[PDB]
Amino acid sequence: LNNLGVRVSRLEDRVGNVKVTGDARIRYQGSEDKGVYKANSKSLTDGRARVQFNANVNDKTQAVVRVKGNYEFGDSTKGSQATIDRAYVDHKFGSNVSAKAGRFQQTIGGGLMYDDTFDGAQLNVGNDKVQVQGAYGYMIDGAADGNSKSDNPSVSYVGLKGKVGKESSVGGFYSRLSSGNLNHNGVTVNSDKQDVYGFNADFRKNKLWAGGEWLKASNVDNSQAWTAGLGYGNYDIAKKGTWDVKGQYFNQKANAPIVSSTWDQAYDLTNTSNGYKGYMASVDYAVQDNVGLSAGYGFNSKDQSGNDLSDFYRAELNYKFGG
Amino acid sequence: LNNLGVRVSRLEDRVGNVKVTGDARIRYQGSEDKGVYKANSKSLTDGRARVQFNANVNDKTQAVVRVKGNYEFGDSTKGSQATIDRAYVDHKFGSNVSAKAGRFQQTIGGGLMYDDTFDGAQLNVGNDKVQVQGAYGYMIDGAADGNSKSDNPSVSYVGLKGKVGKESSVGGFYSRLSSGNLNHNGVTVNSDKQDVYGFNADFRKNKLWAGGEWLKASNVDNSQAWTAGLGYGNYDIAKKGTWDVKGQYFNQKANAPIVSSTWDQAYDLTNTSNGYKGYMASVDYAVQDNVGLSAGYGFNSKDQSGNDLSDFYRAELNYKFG
Amino acid sequence: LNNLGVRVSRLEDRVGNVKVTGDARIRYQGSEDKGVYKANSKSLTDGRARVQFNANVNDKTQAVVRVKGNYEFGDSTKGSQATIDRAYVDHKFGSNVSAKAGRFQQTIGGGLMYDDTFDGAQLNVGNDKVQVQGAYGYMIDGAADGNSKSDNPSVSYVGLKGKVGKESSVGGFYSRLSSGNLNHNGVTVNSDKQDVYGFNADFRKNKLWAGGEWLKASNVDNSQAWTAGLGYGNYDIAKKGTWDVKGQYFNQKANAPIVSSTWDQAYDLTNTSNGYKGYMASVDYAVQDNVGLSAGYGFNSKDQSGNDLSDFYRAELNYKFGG
């Protein structure tokens, strides 16, 4: 039987701990007014390929390295340059304490304020029913792009997430942003400390979904940003024929900090100087295994003063590697 | 006993997923006149390291991601920047119909006009003897590099490839390029729509190869470009000692669209302002398994008006992974 | 069992040759004076993610492709670009002669002058006792960065290394550098040919180590450089609890070619106007398997004329994969 022993010894020679997964997305975005997605035009057809190496350093720690490449269909000015999107180490300090260090993905609150790249440290204390997440670091994506280390506002975040049943989670968050340069309406302007606090609710009774979120900066006037959505579906990308539909409403005031929202609304701190207010309806359908088509139509877009904005619409296909 | 079976199953988990392959190359190019390969010099000794990830999305769809890096031997100005060279998804809608979407490699016709990166979509029909390939998108590499999306000419291509004889292949193609910016002799000029069309033949039998191709723009004077060549050998990089020799002739006129040809000629639309006409003799030899050595000598290079261009010569070593 | 044997054979069929390894480092560097590590600041905290593919081309040859990405915590101006750091092919013409071609790592002598990226060819000839390594190429990193081929000085190196006793090694080297540009104190200066010859010794016994290196440019005045260090420890990142400590003295003159030293001194030909002379103490400890915490404190930093320089201090975590 030692023959199979040496065969599996050879097994753990030429394979190793690294598991390679990833995805590839082909997306089309557009609007009826020029400049929403690509300057001087009203349509952006682009694609992205991501390859993620997940390696186990030891039994109690693992690290992740993701190589990401974006391109636009026909854009030949520069090569589809690869960028290390995620590079972090995940320590597991037992059954209740976990930590992340490096360039990971952070979600401030329910994701309305920020869900993207974040260089720093994160500590998770989890009862498995009530969870606490505390982060310290720097934002990288969205309205926080283009800032050097001495201009990028540091984020000190503490968030609580509890469950009120099966699949239903409520939560809150409190974050402190230092003085730094943020991008409003394409202009990088400096701002003082902000104490952004908010709450979110999510309910998944049966296959019905009902979610909402409200965040506000404590000291900055006119900063209340909230969202509220309903939906029906059972969307699983790995299972064929599982669809989903949802409709949601966004209301972001003039000074509301929306750096890079987890949602797909087209107006945030970078795009607007007078807020955003309107609906968006999204649809998902897994056409094949590990292949998913998505569509979205955002309408009734308005400014805070009653002015009118541009409707938008997107449609994309996502494919996964591993399994 | 069962634990070993569970370990074998865990191995079985990570085998049908992402498969990592690739290659490396150490190449040297030179010419008898400066500026053909590198600005203000007559030689360029560089390399390349490509790593590709063939991942099966599911039993009827796979995706390919390739990371490449080009560095000159001694050029320390910039780093060996890694680029996503290929990023596409390939679908099989049955036994014959297939499709590709994303940044994939397109070969317009036989490869004399373009065989390189393509941004768009491709549809393949046909079972085993007649194959129809319809591509729609944008060229990226070659004479179409440096253009933006709004300046890049859009290619609508349909090509037919028939199998004749035991393994001979004949074919033709018709492609339409929208108005856009293209690189003529180092300057980006805006050309109108073109309707290019051509034919090719490839008769190979008993270690003897004879190939030919001819393409032409419909509404452009002196735009035809053709190649014709012979060869003898059984080259196969995965088998040691499999040599190969070949010799071929190119003649592409001043307006002939040669964006990035599949052959190793040093002159195309980017380098020549009045055409190209000359011979090239090439040799290949697999010195080891999965290792190959290639050499090439392009001579008799002349302009369409009799002006004499410069000879060129290349020597490269390609190592194939997996 | 026979069916399981056939299954193991089938799995062995689908194994390929590419083995994915790598590492992830989170580092902090600082100095008592600004400009040593980062411009107009006295602290530089950053991170690195490297993923290495070891492909086995055939029985007597392999190739290596390394994708490396360096980022700074908070620096969002320029993305964490992925660069091909190593790309080379290794040939084995028997049990004695080996060759390398491409972009690999070269260790000129003991590593004080250079242990970093190299573009060219290398040839190793020798048995288990004596090794002779001859390399022709270009330096890419260190003080030779930022140069094109026409300015990058070609390096012709030949180094002999003989093992004395067990786990201890002595050796020497002779290297010839052509005329080219080098980054002296932030200014690219064109220098003529150099003939740098040197010796090194590395005595290891049980858990104690005594190392020394001395290199000199033959035709350049005030170009001598040397280091001498003593260490105690049994460091091995793959094993938990294996500590290590060492203390070493660097004395390198104004014209001594120190492009990219394998040590951790911050003053090498690129931020020195009058050389470097001072001590550095380093402490390593593998806190977990494949995880290692390192710290370093360089003090008594002075010029060759007696004018003092700035202290420096570093602290980093290294995570390794694959093995």
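If you take the C-alpha gyration tensor of the range B:18-320, multiply each eigenvalue by 5 and take the square root, what semi-axes do you get, largest first, in whole Å? If you can, show how the numbers build up before the last one.
Working: eigenvalues 148, 126, 103 Å².
Three semi-axes, in Å: 27, 25, 23.
Simple spin-label model, 7 Å along Cα-to-Cβ: A:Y232 to C:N96 in nm?
Result for the modelled spin labels: 8.2 nm.
Given a cut-off of under 8 Å on Cα pairs at least six residues apart, what relative contact order in percent is computed for the range A:78-204?
On the way: 279 pairs, mean separation 21.9, N = 127.
Answer for the range A:78-204 is 17 percent.
Take B:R314, C:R27 and order them by how many other Cβ atoms sit within 10 Å, fewest up front.
Numbers: B:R314 20, C:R27 16.
Starting with the residue having the fewest Cβ neighbours, the order is C:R27, B:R314.
Which residue, A:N181, A:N96, A:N274, tops the fluctuation ranking in a GNM of chain A built on C-alpha contacts under 10 Å?
Top of the fluctuation ranking is A:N96.
Rounding to the nearest 10 and keeping the result within 0 to 90°, find how far the Cα-based axis of helix A:2-14 lies from the longest principal axis of chain A.
Tilt of helix A:2-14: around 30 degrees.
Using the Cα gyration tensor of the range A:8-148, with a ≥ b ≥ c the square roots of its eigenvalues, what is the shape: rounded (a/c below 1.5), prolate (a/b larger than b/c) or oblate (neither)?
Numbers: a/c = 2.64, a/b = 1.43, b/c = 1.84.
Note, shape of the range A:8-148 comes out oblate.
Between the range B:222-274 and the range A:234-248, what is the C-alpha centre distance in whole Å?
51
Residue by residue through C:140-152, how many Cβ atoms from other chains fall within 10 Å of the Cβ on average?
On the way: counts 7, 2, 1, 0, 2, 4, 3, 4, 6, 12, 4, 3, 6.
For this peptide, the per-residue mean of nearby foreign Cβ atoms is 4.
Looking at the square roots a ≥ b ≥ c of the eigenvalues of the Cα gyration tensor of the protein assembly as shown, which shape do they give, rounded for a/c under 1.5, prolate if a/b is larger than b/c, or oblate? Before the final figure, lay out each step's value.
On the way: a/c = 1.45, a/b = 1.00, b/c = 1.44.
Judged from the Cα gyration tensor, the protein assembly as shown comes out rounded (a/c under 1.5).
Any of B:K246/C:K92; B:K246/B:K277; B:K34/B:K78; B:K78/C:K246; B:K166/B:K246 with alpha carbons more than 29 Å apart? Name them for me. Let's see the in-between values first.
Values: B:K246/C:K92 31 Å; B:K246/B:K277 17 Å; B:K34/B:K78 23 Å; B:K78/C:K246 36 Å; B:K166/B:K246 21 Å.
Exceeds cut-off: B:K246/C:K92; B:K78/C:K246.
Can you list residues whose amide H is under 5 Å from C:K38's amide H, if they're 5+ apart or on another chain and H is modeled 1.01 Å from N?
C:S43
Pairs of Cα atoms under 8 Å, at least six residues apart: use those to get the relative contact order of chain C, whole percent. Can you show the working numbers first?
Working: 859 pairs, mean separation 43.1, N = 323.
That works out to 13 percent.
Quick one: Cα centre-to-centre distance for the range C:304-323 and the range C:111-144, in angstrom?
24
Can you compute log10 of I(q)/I(0) for the range B:262-322 with the Debye formula, treating each Cα as one identical point scatterer, at q = 0.15, 0.18, 0.25 Å⁻¹?
Debye output, listed in q order: -0.54, -0.68, -0.99.
In which sequence would B:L123, B:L269 go, from the one with the fewest C-beta neighbours within 10 Å to the one with the most? Mind showing how you got there, number by number?
Details: B:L123 17, B:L269 25.
Starting with the residue having the fewest Cβ neighbours, the order is B:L123, B:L269.
Each value in this text was obtained by applying a stated rule to the coordinates, not by laboratory testing. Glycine also receives a Cβ, built like all others from the backbone with ideal geometry; neighbour counts cover every protein chain displayed.
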